[PDB]
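**Q** So here's run_2.pdb (PDB, N, CA, C and O atoms).
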```pdb
ATOM      1  N   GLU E1074       0.824  -1.198   0.000  1.00  0.00           N
ATOM      2  CA  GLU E1074       0.000   0.000   0.000  1.00  0.00           C
ATOM      3  C   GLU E1074       0.863   1.255   0.000  1.00  0.00           C
ATOM      4  O   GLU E1074       1.861   1.346   0.724  1.00  0.00           O
ATOM      5  N   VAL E1075       0.464   2.229  -0.829  1.00  0.00           N
ATOM      6  CA  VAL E1075       1.244   3.441  -1.052  1.00  0.00           C
ATOM      7  C   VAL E1075       0.954   4.450   0.048  1.00  0.00           C
ATOM      8  O   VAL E1075      -0.177   4.570   0.536  1.00  0.00           O
ATOM      9  N   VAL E1076       1.982   5.201   0.430  1.00  0.00           N
ATOM     10  CA  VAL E1076       1.875   6.202   1.483  1.00  0.00           C
ATOM     11  C   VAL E1076       2.313   7.545   0.918  1.00  0.00           C
ATOM     12  O   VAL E1076       3.441   7.686   0.432  1.00  0.00           O
ATOM     13  N   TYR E1077       1.418   8.524   0.980  1.00  0.00           N
ATOM     14  CA  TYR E1077       1.745   9.913   0.699  1.00  0.00           C
ATOM     15  C   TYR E1077       1.865  10.630   2.037  1.00  0.00           C
ATOM     16  O   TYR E1077       0.894  10.695   2.801  1.00  0.00           O
ATOM     17  N   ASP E1078       3.052  11.172   2.308  1.00  0.00           N
ATOM     18  CA  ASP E1078       3.504  11.341   3.686  1.00  0.00           C
ATOM     19  C   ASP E1078       2.731  12.430   4.419  1.00  0.00           C
ATOM     20  O   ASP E1078       2.043  12.158   5.411  1.00  0.00           O
ATOM     21  N   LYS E1079       2.831  13.670   3.957  1.00  0.00           N
ATOM     22  CA  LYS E1079       2.199  14.768   4.671  1.00  0.00           C
ATOM     23  C   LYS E1079       1.851  15.873   3.691  1.00  0.00           C
ATOM     24  O   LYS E1079       2.667  16.238   2.841  1.00  0.00           O
ATOM     25  N   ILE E1080       0.634  16.394   3.811  1.00  0.00           N
ATOM     26  CA  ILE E1080       0.171  17.509   2.996  1.00  0.00           C
ATOM     27  C   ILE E1080      -0.431  18.549   3.925  1.00  0.00           C
ATOM     28  O   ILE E1080      -1.240  18.213   4.798  1.00  0.00           O
ATOM     29  N   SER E1081      -0.032  19.803   3.745  1.00  0.00           N
ATOM     30  CA  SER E1081      -0.531  20.874   4.590  1.00  0.00           C
ATOM     31  C   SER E1081      -2.017  21.099   4.350  1.00  0.00           C
ATOM     32  O   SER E1081      -2.521  20.940   3.235  1.00  0.00           O
ATOM     33  N   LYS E1082      -2.722  21.484   5.418  1.00  0.00           N
ATOM     34  CA  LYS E1082      -4.117  21.881   5.277  1.00  0.00           C
ATOM     35  C   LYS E1082      -4.289  23.049   4.318  1.00  0.00           C
ATOM     36  O   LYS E1082      -5.419  23.313   3.893  1.00  0.00           O
ATOM     37  N   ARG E1083      -3.200  23.746   3.974  1.00  0.00           N
ATOM     38  CA  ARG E1083      -3.252  24.779   2.945  1.00  0.00           C
ATOM     39  C   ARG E1083      -3.713  24.211   1.606  1.00  0.00           C
ATOM     40  O   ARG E1083      -4.324  24.928   0.804  1.00  0.00           O
ATOM     41  N   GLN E1084      -3.444  22.930   1.354  1.00  0.00           N
ATOM     42  CA  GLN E1084      -3.883  22.276   0.126  1.00  0.00           C
ATOM     43  C   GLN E1084      -5.321  21.787   0.286  1.00  0.00           C
ATOM     44  O   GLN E1084      -5.598  20.907   1.111  1.00  0.00           O
ATOM     45  N   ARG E1085      -6.235  22.361  -0.494  1.00  0.00           N
ATOM     46  CA  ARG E1085      -7.617  21.901  -0.502  1.00  0.00           C
ATOM     47  C   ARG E1085      -7.721  20.568  -1.234  1.00  0.00           C
ATOM     48  O   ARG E1085      -7.082  20.360  -2.269  1.00  0.00           O
ATOM     49  N   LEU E1086      -8.523  19.656  -0.689  1.00  0.00           N
ATOM     50  CA  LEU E1086      -8.666  18.336  -1.291  1.00  0.00           C
ATOM     51  C   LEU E1086      -9.313  18.437  -2.669  1.00  0.00           C
ATOM     52  O   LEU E1086     -10.106  19.340  -2.951  1.00  0.00           O
ATOM     53  N   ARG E1087      -8.965  17.486  -3.533  1.00  0.00           N
ATOM     54  CA  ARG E1087      -9.368  17.521  -4.932  1.00  0.00           C
ATOM     55  C   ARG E1087     -10.822  17.091  -5.080  1.00  0.00           C
ATOM     56  O   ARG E1087     -11.175  15.950  -4.761  1.00  0.00           O
ATOM     57  N   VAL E1088     -11.665  17.998  -5.563  1.00  0.00           N
ATOM     58  CA  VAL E1088     -13.003  17.639  -6.016  1.00  0.00           C
ATOM     59  C   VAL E1088     -12.868  17.206  -7.472  1.00  0.00           C
ATOM     60  O   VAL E1088     -12.482  17.999  -8.334  1.00  0.00           O
ATOM     61  N   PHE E1089     -13.148  15.935  -7.745  1.00  0.00           N
ATOM     62  CA  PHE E1089     -12.871  15.371  -9.055  1.00  0.00           C
ATOM     63  C   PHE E1089     -14.088  14.637  -9.590  1.00  0.00           C
ATOM     64  O   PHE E1089     -15.069  14.402  -8.878  1.00  0.00           O
ATOM     65  N   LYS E1090     -14.002  14.283 -10.878  1.00  0.00           N
ATOM     66  CA  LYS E1090     -15.098  13.598 -11.558  1.00  0.00           C
ATOM     67  C   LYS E1090     -15.553  12.364 -10.795  1.00  0.00           C
ATOM     68  O   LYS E1090     -16.740  12.018 -10.822  1.00  0.00           O
ATOM     69  N   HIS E1091     -14.626  11.692 -10.114  1.00  0.00           N
ATOM     70  CA  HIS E1091     -14.935  10.613  -9.178  1.00  0.00           C
ATOM     71  C   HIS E1091     -15.744   9.508  -9.855  1.00  0.00           C
ATOM     72  O   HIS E1091     -16.903   9.255  -9.524  1.00  0.00           O
ATOM     73  N   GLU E1092     -15.107   8.846 -10.818  1.00  0.00           N
ATOM     74  CA  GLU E1092     -15.730   7.700 -11.461  1.00  0.00           C
ATOM     75  C   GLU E1092     -16.044   6.624 -10.420  1.00  0.00           C
ATOM     76  O   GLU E1092     -15.609   6.690  -9.265  1.00  0.00           O
ATOM     77  N   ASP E1093     -16.813   5.620 -10.852  1.00  0.00           N
ATOM     78  CA  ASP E1093     -17.401   4.618  -9.957  1.00  0.00           C
ATOM     79  C   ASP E1093     -18.387   5.264  -8.985  1.00  0.00           C
ATOM     80  O   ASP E1093     -18.498   4.853  -7.825  1.00  0.00           O
ATOM     81  N   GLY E1094     -19.107   6.287  -9.458  1.00  0.00           N
ATOM     82  CA  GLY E1094     -20.034   7.019  -8.615  1.00  0.00           C
ATOM     83  C   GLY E1094     -20.344   8.438  -9.056  1.00  0.00           C
ATOM     84  O   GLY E1094     -20.570   8.702 -10.244  1.00  0.00           O
ATOM     85  N   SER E1095     -20.346   9.374  -8.101  1.00  0.00           N
ATOM     86  CA  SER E1095     -20.824  10.734  -8.296  1.00  0.00           C
ATOM     87  C   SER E1095     -19.668  11.688  -8.598  1.00  0.00           C
ATOM     88  O   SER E1095     -18.548  11.271  -8.895  1.00  0.00           O
ATOM     89  N   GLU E1096     -19.948  12.989  -8.542  1.00  0.00           N
ATOM     90  CA  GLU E1096     -18.939  14.042  -8.638  1.00  0.00           C
ATOM     91  C   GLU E1096     -18.870  14.745  -7.286  1.00  0.00           C
ATOM     92  O   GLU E1096     -19.841  15.383  -6.867  1.00  0.00           O
ATOM     93  N   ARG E1097     -17.737  14.621  -6.594  1.00  0.00           N
ATOM     94  CA  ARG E1097     -17.627  15.156  -5.240  1.00  0.00           C
ATOM     95  C   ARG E1097     -16.161  15.233  -4.831  1.00  0.00           C
ATOM     96  O   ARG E1097     -15.278  14.686  -5.494  1.00  0.00           O
ATOM     97  N   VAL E1098     -15.921  15.917  -3.707  1.00  0.00           N
ATOM     98  CA  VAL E1098     -14.572  16.011  -3.152  1.00  0.00           C
ATOM     99  C   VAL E1098     -14.148  14.662  -2.581  1.00  0.00           C
ATOM    100  O   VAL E1098     -14.962  13.756  -2.353  1.00  0.00           O
ATOM    101  N   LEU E1099     -12.848  14.532  -2.336  1.00  0.00           N
ATOM    102  CA  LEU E1099     -12.282  13.276  -1.861  1.00  0.00           C
ATOM    103  C   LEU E1099     -12.535  13.117  -0.367  1.00  0.00           C
ATOM    104  O   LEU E1099     -12.167  13.988   0.429  1.00  0.00           O
ATOM    105  N   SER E1100     -13.166  12.007   0.013  1.00  0.00           N
ATOM    106  CA  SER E1100     -13.360  11.642   1.406  1.00  0.00           C
ATOM    107  C   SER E1100     -12.666  10.313   1.671  1.00  0.00           C
ATOM    108  O   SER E1100     -12.286   9.594   0.741  1.00  0.00           O
ATOM    109  N   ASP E1101     -12.488   9.992   2.953  1.00  0.00           N
ATOM    110  CA  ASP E1101     -11.901   8.707   3.311  1.00  0.00           C
ATOM    111  C   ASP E1101     -12.747   7.571   2.747  1.00  0.00           C
ATOM    112  O   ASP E1101     -13.975   7.660   2.663  1.00  0.00           O
ATOM    113  N   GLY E1102     -12.069   6.500   2.345  1.00  0.00           N
ATOM    114  CA  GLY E1102     -12.726   5.327   1.819  1.00  0.00           C
ATOM    115  C   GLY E1102     -13.042   5.362   0.340  1.00  0.00           C
ATOM    116  O   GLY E1102     -13.506   4.347  -0.195  1.00  0.00           O
ATOM    117  N   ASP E1103     -12.805   6.486  -0.339  1.00  0.00           N
ATOM    118  CA  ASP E1103     -13.151   6.606  -1.750  1.00  0.00           C
ATOM    119  C   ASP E1103     -12.247   5.731  -2.616  1.00  0.00           C
ATOM    120  O   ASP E1103     -11.118   5.402  -2.247  1.00  0.00           O
ATOM    121  N   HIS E1104     -12.763   5.343  -3.780  1.00  0.00           N
ATOM    122  CA  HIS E1104     -12.038   4.479  -4.703  1.00  0.00           C
ATOM    123  C   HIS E1104     -11.388   5.326  -5.785  1.00  0.00           C
ATOM    124  O   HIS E1104     -12.065   6.110  -6.463  1.00  0.00           O
ATOM    125  N   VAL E1105     -10.081   5.145  -5.955  1.00  0.00           N
ATOM    126  CA  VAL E1105      -9.260   6.000  -6.799  1.00  0.00           C
ATOM    127  C   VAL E1105      -8.650   5.159  -7.910  1.00  0.00           C
ATOM    128  O   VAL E1105      -8.183   4.041  -7.670  1.00  0.00           O
ATOM    129  N   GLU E1106      -8.663   5.698  -9.127  1.00  0.00           N
ATOM    130  CA  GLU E1106      -8.091   5.009 -10.276  1.00  0.00           C
ATOM    131  C   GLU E1106      -6.578   5.240 -10.312  1.00  0.00           C
ATOM    132  O   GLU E1106      -5.989   5.838  -9.407  1.00  0.00           O
ATOM    133  N   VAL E1107      -5.926   4.759 -11.372  1.00  0.00           N
ATOM    134  CA  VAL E1107      -4.471   4.805 -11.429  1.00  0.00           C
ATOM    135  C   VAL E1107      -3.955   6.208 -11.726  1.00  0.00           C
ATOM    136  O   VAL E1107      -2.808   6.527 -11.393  1.00  0.00           O
ATOM    137  N   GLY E1108      -4.767   7.066 -12.334  1.00  0.00           N
ATOM    138  CA  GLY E1108      -4.273   8.370 -12.723  1.00  0.00           C
ATOM    139  C   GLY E1108      -4.835   9.529 -11.927  1.00  0.00           C
ATOM    140  O   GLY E1108      -4.375  10.663 -12.085  1.00  0.00           O
ATOM    141  N   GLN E1109      -5.812   9.265 -11.061  1.00  0.00           N
ATOM    142  CA  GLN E1109      -6.537  10.348 -10.410  1.00  0.00           C
ATOM    143  C   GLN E1109      -5.609  11.214  -9.566  1.00  0.00           C
ATOM    144  O   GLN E1109      -4.621  10.744  -8.996  1.00  0.00           O
ATOM    145  N   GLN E1110      -5.936  12.501  -9.512  1.00  0.00           N
ATOM    146  CA  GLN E1110      -5.197  13.477  -8.729  1.00  0.00           C
ATOM    147  C   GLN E1110      -5.840  13.606  -7.355  1.00  0.00           C
ATOM    148  O   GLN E1110      -7.063  13.730  -7.244  1.00  0.00           O
ATOM    149  N   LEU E1111      -5.013  13.583  -6.314  1.00  0.00           N
ATOM    150  CA  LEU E1111      -5.513  13.478  -4.949  1.00  0.00           C
ATOM    151  C   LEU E1111      -5.797  14.835  -4.318  1.00  0.00           C
ATOM    152  O   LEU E1111      -6.821  15.007  -3.648  1.00  0.00           O
ATOM    153  N   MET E1112      -4.913  15.801  -4.510  1.00  0.00           N
ATOM    154  CA  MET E1112      -5.089  17.136  -3.967  1.00  0.00           C
ATOM    155  C   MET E1112      -5.362  18.127  -5.091  1.00  0.00           C
ATOM    156  O   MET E1112      -5.081  17.865  -6.263  1.00  0.00           O
ATOM    157  N   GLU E1113      -5.933  19.268  -4.722  1.00  0.00           N
ATOM    158  CA  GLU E1113      -6.108  20.355  -5.671  1.00  0.00           C
ATOM    159  C   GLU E1113      -4.801  21.131  -5.792  1.00  0.00           C
ATOM    160  O   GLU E1113      -4.101  21.361  -4.800  1.00  0.00           O
ATOM    161  N   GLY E1114      -4.462  21.511  -7.019  1.00  0.00           N
ATOM    162  CA  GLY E1114      -3.206  22.190  -7.263  1.00  0.00           C
ATOM    163  C   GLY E1114      -2.574  21.759  -8.567  1.00  0.00           C
ATOM    164  O   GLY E1114      -3.279  21.477  -9.539  1.00  0.00           O
ATOM    165  N   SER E1115      -1.247  21.698  -8.604  1.00  0.00           N
ATOM    166  CA  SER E1115      -0.524  21.329  -9.812  1.00  0.00           C
ATOM    167  C   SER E1115       0.216  20.017  -9.588  1.00  0.00           C
ATOM    168  O   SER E1115       0.876  19.831  -8.559  1.00  0.00           O
ATOM    169  N   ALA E1116       0.090  19.115 -10.552  1.00  0.00           N
ATOM    170  CA  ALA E1116       0.659  17.783 -10.473  1.00  0.00           C
ATOM    171  C   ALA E1116       2.007  17.735 -11.173  1.00  0.00           C
ATOM    172  O   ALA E1116       2.173  18.287 -12.263  1.00  0.00           O
ATOM    173  N   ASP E1117       2.956  17.060 -10.544  1.00  0.00           N
ATOM    174  CA  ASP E1117       4.282  16.883 -11.124  1.00  0.00           C
ATOM    175  C   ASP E1117       4.190  16.049 -12.399  1.00  0.00           C
ATOM    176  O   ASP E1117       3.605  14.963 -12.387  1.00  0.00           O
ATOM    177  N   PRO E1118       4.736  16.526 -13.520  1.00  0.00           N
ATOM    178  CA  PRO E1118       4.644  15.749 -14.765  1.00  0.00           C
ATOM    179  C   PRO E1118       5.635  14.604 -14.871  1.00  0.00           C
ATOM    180  O   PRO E1118       5.409  13.703 -15.688  1.00  0.00           O
ATOM    181  N   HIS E1119       6.733  14.610 -14.111  1.00  0.00           N
ATOM    182  CA  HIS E1119       7.546  13.400 -14.010  1.00  0.00           C
ATOM    183  C   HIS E1119       6.743  12.279 -13.376  1.00  0.00           C
ATOM    184  O   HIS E1119       6.820  11.118 -13.799  1.00  0.00           O
ATOM    185  N   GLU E1120       5.971  12.621 -12.345  1.00  0.00           N
ATOM    186  CA  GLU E1120       5.087  11.658 -11.712  1.00  0.00           C
ATOM    187  C   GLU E1120       4.086  11.095 -12.719  1.00  0.00           C
ATOM    188  O   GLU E1120       3.970   9.873 -12.877  1.00  0.00           O
ATOM    189  N   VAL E1121       3.366  11.974 -13.423  1.00  0.00           N
ATOM    190  CA  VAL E1121       2.413  11.512 -14.427  1.00  0.00           C
ATOM    191  C   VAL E1121       3.122  10.765 -15.547  1.00  0.00           C
ATOM    192  O   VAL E1121       2.510   9.929 -16.219  1.00  0.00           O
TER     193      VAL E1121
END
```
Written as structure tokens, how would this file's structure read?

**A**
Amino acid sequence: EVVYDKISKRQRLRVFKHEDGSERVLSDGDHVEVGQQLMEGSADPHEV
């Protein structure tokens, strides 16, 4: 299981299309695909 270490509360959680269901912000227990972005902001393109 993957661990993303620490993110400041300054980063608002990503409200995303949220396939396998509705359109809403990220809550605990949600199901995430291989490419989905977890936080709101800018994603590293080396990562992608």

**Q** How many Å lie between CA of residue 1096 (chain E) and CA of residue 1076 (chain E), rounded to one decimal?

**A** 24.4 Å

**Q** As AutoDock Vina command-line options, what would the box around region 1103-1111 of chain E look like: edges along x, y and z, 8 Å added on every side, centre and edge lengths in Å to one decimal?

**A**
```
--center_x -8.0 --center_y 9.5 --center_z -6.5 --size_x 26.3 --size_y 27.0 --size_z 28.4
```

**Q** So what do you get for CA of residue 1080 (chain E) versus CA of residue 1110 (chain E), distance-wise?

**A**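 Separation between CA of residue 1080 (chain E) and CA of residue 1110 (chain E): 13.5 Å.
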
**Q** What is the distance, in Å and to one decimal place, between CA of residue 1101 (chain E) and CA of residue 1118 (chain E)?

**A**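 Interatomic distance here is 25.5 Å.
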
**Q** When you look at residue 1098 (chain E) with a cut-off of 5 Å (counting only N, CA, C and O atoms), what residues show up, excluding the ones that are within fewer than 5 positions of it in the same chain? I need them as an MDAnalysis selection string.

**A** chainID E and resid 1087:1089

**Q** Which one is closest to residue 1090 (chain E): E:1121, E:1074, E:1114, E:1104? Count only C-alpha atoms.

**A**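 Of the candidates, the smallest distance to residue 1090 (chain E) is held by E:1104.
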
**Q** Care to translate the PyMOL selection byres ((chain E and resi 1084) around 8) into actual residues of this file, as a count of residues only?

**A** 11

**Q** For the structure shown, which residues end up in the PyMOL selection byres (((chain E and resi 1093 and name CA) around 9) and name CA)? Put them as a list in words, please?

**A**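 On the file shown, the PyMOL selection byres (((chain E and resi 1093 and name CA) around 9) and name CA) covers residues 1091, 1092, 1094, 1095, 1104 and 1105 of chain E.
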
**Q** Could you give me, as a list in words, the residues that sit within 6 Å of (-0.2, 12.0, -11.1) in the file's coordinates, counting all atoms listed in the file?

**A**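 Neighbouring residues, ordered by chain and number, come to residues 1108, 1109, 1110, 1116, 1117, 1120 and 1121 of chain E.
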